[PDB]
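Okay, run06.pdb now, which holds PDB, C-alpha atoms:
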ATOM      1  CA  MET A   1       0.831   7.402 -10.713
ATOM      2  CA  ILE A   2       3.624   9.201  -9.008
ATOM      3  CA  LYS A   3       5.019  12.045 -11.152
ATOM      4  CA  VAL A   4       8.855  12.251 -10.849
ATOM      5  CA  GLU A   5      10.975  14.918 -12.604
ATOM      6  CA  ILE A   6      14.721  15.005 -13.276
ATOM      7  CA  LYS A   7      15.517  18.744 -13.751
ATOM      8  CA  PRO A   8      18.368  19.891 -16.101
ATOM      9  CA  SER A   9      20.557  20.519 -12.993
ATOM     10  CA  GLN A  10      20.088  16.901 -11.767
ATOM     11  CA  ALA A  11      21.435  15.154 -14.857
ATOM     12  CA  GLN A  12      24.484  13.680 -13.118
ATOM     13  CA  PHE A  13      25.216  11.213 -10.345
ATOM     14  CA  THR A  14      27.769  11.230  -7.585
ATOM     15  CA  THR A  15      29.474   8.055  -6.255
ATOM     16  CA  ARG A  16      30.114   6.946  -2.702
ATOM     17  CA  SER A  17      32.423   4.074  -1.856
ATOM     18  CA  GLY A  18      33.644   1.753   0.858
ATOM     19  CA  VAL A  19      34.220  -1.810   1.995
ATOM     20  CA  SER A  20      31.667  -4.401   3.223
ATOM     21  CA  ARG A  21      31.851  -6.228   6.606
ATOM     22  CA  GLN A  22      33.837  -9.121   5.134
ATOM     23  CA  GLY A  23      36.224  -7.205   2.843
ATOM     24  CA  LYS A  24      34.425  -6.736  -0.569
ATOM     25  CA  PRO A  25      34.614  -3.215  -2.212
ATOM     26  CA  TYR A  26      31.373  -1.447  -3.189
ATOM     27  CA  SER A  27      30.311   1.641  -5.095
ATOM     28  CA  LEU A  28      26.954   3.341  -4.923
ATOM     29  CA  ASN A  29      25.734   5.934  -7.469
ATOM     30  CA  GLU A  30      23.261   8.587  -6.253
ATOM     31  CA  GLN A  31      21.061  10.960  -8.227
ATOM     32  CA  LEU A  32      18.568  13.624  -7.143
ATOM     33  CA  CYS A  33      15.025  14.213  -8.389
ATOM     34  CA  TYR A  34      11.750  15.997  -7.600
ATOM     35  CA  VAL A  35       8.682  13.964  -6.649
ATOM     36  CA  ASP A  36       5.256  15.457  -6.544
ATOM     37  CA  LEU A  37       3.610  14.475  -3.302
ATOM     38  CA  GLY A  38       0.671  16.854  -3.723
ATOM     39  CA  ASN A  39       2.067  19.694  -1.561
ATOM     40  CA  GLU A  40       2.430  23.293  -2.894
ATOM     41  CA  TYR A  41       5.728  22.361  -4.639
ATOM     42  CA  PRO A  42       7.446  18.979  -5.507
ATOM     43  CA  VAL A  43      10.001  17.744  -2.931
ATOM     44  CA  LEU A  44      13.658  16.814  -3.359
ATOM     45  CA  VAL A  45      14.405  13.054  -3.189
ATOM     46  CA  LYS A  46      17.681  11.095  -3.348
ATOM     47  CA  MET A  47      17.857   7.899  -5.466
ATOM     48  CA  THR A  48      20.535   5.145  -5.363
ATOM     49  CA  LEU A  49      20.869   3.689  -8.866
ATOM     50  CA  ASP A  50      21.229  -0.031  -9.693
ATOM     51  CA  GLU A  51      24.566  -1.521 -10.817
ATOM     52  CA  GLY A  52      25.613  -0.675 -14.378
ATOM     53  CA  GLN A  53      22.797   1.856 -14.861
ATOM     54  CA  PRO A  54      23.503   5.421 -16.217
ATOM     55  CA  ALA A  55      21.982   8.565 -14.669
ATOM     56  CA  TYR A  56      18.416   9.146 -15.876
ATOM     57  CA  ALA A  57      18.259  11.974 -18.450
ATOM     58  CA  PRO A  58      16.186  15.211 -17.695
ATOM     59  CA  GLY A  59      12.453  14.655 -18.144
ATOM     60  CA  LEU A  60       9.261  13.227 -16.718
ATOM     61  CA  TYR A  61       9.069   9.724 -15.250
ATOM     62  CA  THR A  62       6.790   7.452 -13.222
ATOM     63  CA  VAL A  63       7.698   4.659 -10.744
ATOM     64  CA  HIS A  64       8.262   1.049 -11.940
ATOM     65  CA  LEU A  65       6.599  -1.848 -10.024
ATOM     66  CA  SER A  66      10.059  -3.371  -9.243
ATOM     67  CA  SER A  67      10.592  -0.471  -6.769
ATOM     68  CA  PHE A  68       8.478  -2.361  -4.203
ATOM     69  CA  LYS A  69       8.911  -5.421  -1.979
ATOM     70  CA  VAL A  70       7.313  -7.007   1.073
ATOM     71  CA  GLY A  71       9.412  -6.121   4.146
ATOM     72  CA  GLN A  72      10.359  -8.250   7.144
ATOM     73  CA  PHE A  73       7.189  -7.220   9.083
ATOM     74  CA  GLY A  74       4.852  -8.188   6.169
ATOM     75  CA  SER A  75       4.036  -4.596   5.044
ATOM     76  CA  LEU A  76       4.876  -3.075   1.667
ATOM     77  CA  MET A  77       8.118  -1.101   1.426
ATOM     78  CA  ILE A  78      10.158   0.707  -1.228
ATOM     79  CA  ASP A  79      13.274  -1.305  -2.037
ATOM     80  CA  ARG A  80      14.866   1.313  -4.404
ATOM     81  CA  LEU A  81      13.003   3.945  -6.467
ATOM     82  CA  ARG A  82      13.256   2.615 -10.044
ATOM     83  CA  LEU A  83      11.890   4.788 -12.861
ATOM     84  CA  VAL A  84      10.426   4.452 -16.343
ATOM     85  CA  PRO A  85       9.681   7.252 -18.898
ATOM     86  CA  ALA A  86       6.220   8.824 -18.655
TER      87      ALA A  86
ATOM     88  CA  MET B   1      -0.431   1.899 -10.892
ATOM     89  CA  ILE B   2      -0.199  -0.736  -8.257
ATOM     90  CA  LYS B   3      -3.167  -3.145  -8.371
ATOM     91  CA  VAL B   4      -4.314  -4.094  -4.817
ATOM     92  CA  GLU B   5      -7.159  -6.560  -4.100
ATOM     93  CA  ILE B   6      -9.145  -7.133  -0.903
ATOM     94  CA  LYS B   7     -10.527 -10.711  -1.269
ATOM     95  CA  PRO B   8     -13.913 -11.710   0.314
ATOM     96  CA  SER B   9     -11.970 -13.479   3.133
ATOM     97  CA  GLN B  10     -10.040 -10.266   4.002
ATOM     98  CA  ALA B  11     -13.049  -8.059   4.710
ATOM     99  CA  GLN B  12     -12.301  -7.635   8.418
ATOM    100  CA  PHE B  13      -9.592  -6.117  10.580
ATOM    101  CA  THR B  14      -7.993  -7.282  13.777
ATOM    102  CA  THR B  15      -6.832  -4.898  16.558
ATOM    103  CA  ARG B  16      -3.617  -4.855  18.537
ATOM    104  CA  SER B  17      -3.171  -2.744  21.642
ATOM    105  CA  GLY B  18      -0.719  -1.438  24.197
ATOM    106  CA  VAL B  19       0.741   1.562  25.981
ATOM    107  CA  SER B  20       3.245   4.167  24.684
ATOM    108  CA  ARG B  21       6.598   5.018  26.374
ATOM    109  CA  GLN B  22       5.042   7.791  28.463
ATOM    110  CA  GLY B  23       1.742   6.127  29.445
ATOM    111  CA  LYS B  24      -0.812   6.861  26.612
ATOM    112  CA  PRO B  25      -3.005   3.894  25.380
ATOM    113  CA  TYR B  26      -3.039   3.030  21.660
ATOM    114  CA  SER B  27      -4.944   0.762  19.310
ATOM    115  CA  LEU B  28      -3.870  -0.307  15.861
ATOM    116  CA  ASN B  29      -6.216  -1.914  13.290
ATOM    117  CA  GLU B  30      -4.676  -4.310  10.737
ATOM    118  CA  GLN B  31      -6.105  -5.680   7.504
ATOM    119  CA  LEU B  32      -4.680  -8.049   4.889
ATOM    120  CA  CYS B  33      -4.642  -7.670   1.106
ATOM    121  CA  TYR B  34      -3.049  -8.989  -2.096
ATOM    122  CA  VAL B  35      -0.710  -6.754  -4.093
ATOM    123  CA  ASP B  36       0.363  -7.598  -7.574
ATOM    124  CA  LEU B  37       4.100  -7.193  -7.816
ATOM    125  CA  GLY B  38       4.358  -8.832 -11.240
ATOM    126  CA  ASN B  39       5.332 -12.326 -10.003
ATOM    127  CA  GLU B  40       3.346 -15.477 -10.999
ATOM    128  CA  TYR B  41       0.719 -14.731  -8.290
ATOM    129  CA  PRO B  42      -0.101 -11.597  -6.134
ATOM    130  CA  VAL B  43       1.550 -11.523  -2.676
ATOM    131  CA  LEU B  44      -0.001 -11.175   0.772
ATOM    132  CA  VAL B  45       0.546  -7.773   2.460
ATOM    133  CA  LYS B  46      -0.439  -6.447   5.905
ATOM    134  CA  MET B  47      -1.878  -2.902   6.211
ATOM    135  CA  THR B  48      -2.268  -0.780   9.390
ATOM    136  CA  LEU B  49      -5.339   1.432   8.968
ATOM    137  CA  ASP B  50      -5.570   5.117   9.978
ATOM    138  CA  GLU B  51      -7.544   6.230  13.058
ATOM    139  CA  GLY B  52     -11.332   6.141  12.687
ATOM    140  CA  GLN B  53     -11.201   4.352   9.318
ATOM    141  CA  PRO B  54     -13.326   1.179   8.638
ATOM    142  CA  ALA B  55     -11.913  -1.935   6.935
ATOM    143  CA  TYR B  56     -11.830  -1.554   3.146
ATOM    144  CA  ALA B  57     -14.627  -3.566   1.481
ATOM    145  CA  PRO B  58     -13.757  -6.471  -0.999
ATOM    146  CA  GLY B  59     -12.719  -5.170  -4.416
ATOM    147  CA  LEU B  60     -10.007  -3.610  -6.530
ATOM    148  CA  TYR B  61      -7.975  -0.614  -5.360
ATOM    149  CA  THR B  62      -4.894   1.436  -6.237
ATOM    150  CA  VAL B  63      -2.461   3.306  -3.923
ATOM    151  CA  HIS B  64      -3.124   6.943  -2.868
ATOM    152  CA  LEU B  65      -0.258   9.508  -3.058
ATOM    153  CA  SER B  66      -0.526  10.149   0.739
ATOM    154  CA  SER B  67       1.034   6.671   1.270
ATOM    155  CA  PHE B  68       4.481   8.192   0.616
ATOM    156  CA  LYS B  69       6.900  10.465   2.482
ATOM    157  CA  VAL B  70      10.551  11.484   2.377
ATOM    158  CA  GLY B  71      12.449   9.493   5.036
ATOM    159  CA  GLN B  72      15.225  10.594   7.380
ATOM    160  CA  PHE B  73      17.966   9.682   4.826
ATOM    161  CA  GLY B  74      16.315  11.752   2.019
ATOM    162  CA  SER B  75      14.947   8.764   0.011
ATOM    163  CA  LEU B  76      11.284   8.022  -0.663
ATOM    164  CA  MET B  77       9.542   5.634   1.730
ATOM    165  CA  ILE B  78       6.055   4.225   2.309
ATOM    166  CA  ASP B  79       4.542   5.795   5.417
ATOM    167  CA  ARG B  80       1.338   3.622   5.471
ATOM    168  CA  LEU B  81      -0.340   1.969   2.454
ATOM    169  CA  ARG B  82      -3.472   4.094   1.901
ATOM    170  CA  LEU B  83      -5.940   2.980  -0.781
ATOM    171  CA  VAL B  84      -8.538   4.439  -3.127
ATOM    172  CA  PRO B  85     -11.101   2.552  -5.318
ATOM    173  CA  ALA B  86      -9.902   1.605  -8.807
TER     174      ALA B  86
END

Let me see the file written as structure tokens.
Amino acid sequence: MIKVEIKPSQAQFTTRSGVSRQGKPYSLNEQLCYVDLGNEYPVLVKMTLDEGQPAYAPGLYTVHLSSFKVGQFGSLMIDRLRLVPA
Amino acid sequence: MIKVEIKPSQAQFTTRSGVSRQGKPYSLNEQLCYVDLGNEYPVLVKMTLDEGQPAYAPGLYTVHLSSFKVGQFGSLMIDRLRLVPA
């Protein structure tokens, strides 16, 4: 299990916006977190949230299975980092 | 934890080869596995092994933390799927 932490200072999201190739508007919400990759300190990681989802509250989390997919070359990839409470 | 299975029929690797942009030879060893992504059956996934590593034997495995890295856009990515015995 991957340990992910939302610190008190990371409790909000920011929103970027634009227009798709054929005219549709979009909005993307982004939140930061710290992921422990076994180095001397956890590293800072950016997450794009799914539609209609609030920012995760401060606390400890692990990664949900729905974060993964098989890519176009047949290897495993992260689609979007999706979290569940630890 | 991600459940990964090497079936008896997946106990070998194949090798692809070539030459890098500035002349160095390379060899890449590839092995197949089944990863349970919570659908009705596990899905087939291709793995590229690290240098000097044998094919994983048949059995159950989970994913090692060293499989992950922060990508060039600041989000988490899989570098190479690296396994440890379950």

Can you sort out the box for range 64-79 of chain B, edges along x, y and z, all listed atoms in, 3 Å on every side, with centre and edge lengths in Å to one decimal, as JSON?
{"center_x": 7.4, "center_y": 8.0, "center_z": 2.2, "size_x": 27.1, "size_y": 13.5, "size_z": 16.4}

Show me a table, sorted first by chain and then by increasing residue number, of the residues of chain B having an atom at most 7 Å from chain A, each with its shortest atom pair and the distance in Å to one decimal, counting all atoms listed in the file and written as CSV.
residue,atom,partner,partner_atom,distance
B:1,CA,A:1,CA,5.6
B:37,CA,A:65,CA,6.3
B:45,CA,A:75,CA,5.4
B:46,CA,A:75,CA,4.9
B:47,CA,A:75,CA,6.3
B:65,CA,A:37,CA,6.3
B:70,CA,A:45,CA,6.9
B:74,CA,A:46,CA,5.6
B:75,CA,A:46,CA,4.9
B:76,CA,A:45,CA,6.4
B:77,CA,A:78,CA,5.8
B:78,CA,A:77,CA,5.8

Would you mind exporting the chosen residues as a PDB file, keeping the file's coordinate frame, restricted to C-alpha atoms?
ATOM      1  CA  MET B   1      -0.431   1.899 -10.892  1.00  0.00           C
ATOM      2  CA  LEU B  37       4.100  -7.193  -7.816  1.00  0.00           C
ATOM      3  CA  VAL B  45       0.546  -7.773   2.460  1.00  0.00           C
ATOM      4  CA  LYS B  46      -0.439  -6.447   5.905  1.00  0.00           C
ATOM      5  CA  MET B  47      -1.878  -2.902   6.211  1.00  0.00           C
ATOM      6  CA  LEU B  65      -0.258   9.508  -3.058  1.00  0.00           C
ATOM      7  CA  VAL B  70      10.551  11.484   2.377  1.00  0.00           C
ATOM      8  CA  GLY B  74      16.315  11.752   2.019  1.00  0.00           C
ATOM      9  CA  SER B  75      14.947   8.764   0.011  1.00  0.00           C
ATOM     10  CA  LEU B  76      11.284   8.022  -0.663  1.00  0.00           C
ATOM     11  CA  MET B  77       9.542   5.634   1.730  1.00  0.00           C
ATOM     12  CA  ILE B  78       6.055   4.225   2.309  1.00  0.00           C
TER      13      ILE B  78
END

Can you spell out as a PyMOL selection string the set of residues that the PyMOL selection byres ((chain A and resi 30) around 9) selects in the structure I just provided? chain A and resi 12-16+28-29+31-32+46-49+55

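What separates CA of residue 26 in chain A from CA of residue 4 in chain A is a distance of 27.4 Å.
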
Figure out the distance between CA of residue 61 in chain B and CA of residue 40 in chain B, please, to one decimal in Å.
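Those two atoms sit 19.5 Å apart.
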
Surrounding residues of residue 7 in chain B excluding itself and chain neighbours under 5 positions, 10 Å, all atoms listed in the file, as a list in words: residues 32, 33, 34, 57, 58, 59 and 60 of chain B

A straight line from CA of residue 84 in chain A to CA of residue 11 in chain A spans 15.4 Å

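Across B:83, B:41, B:51, B:56, the tightest approach to residue 27 in chain B is made by B:51 when counting all atoms listed in the file.
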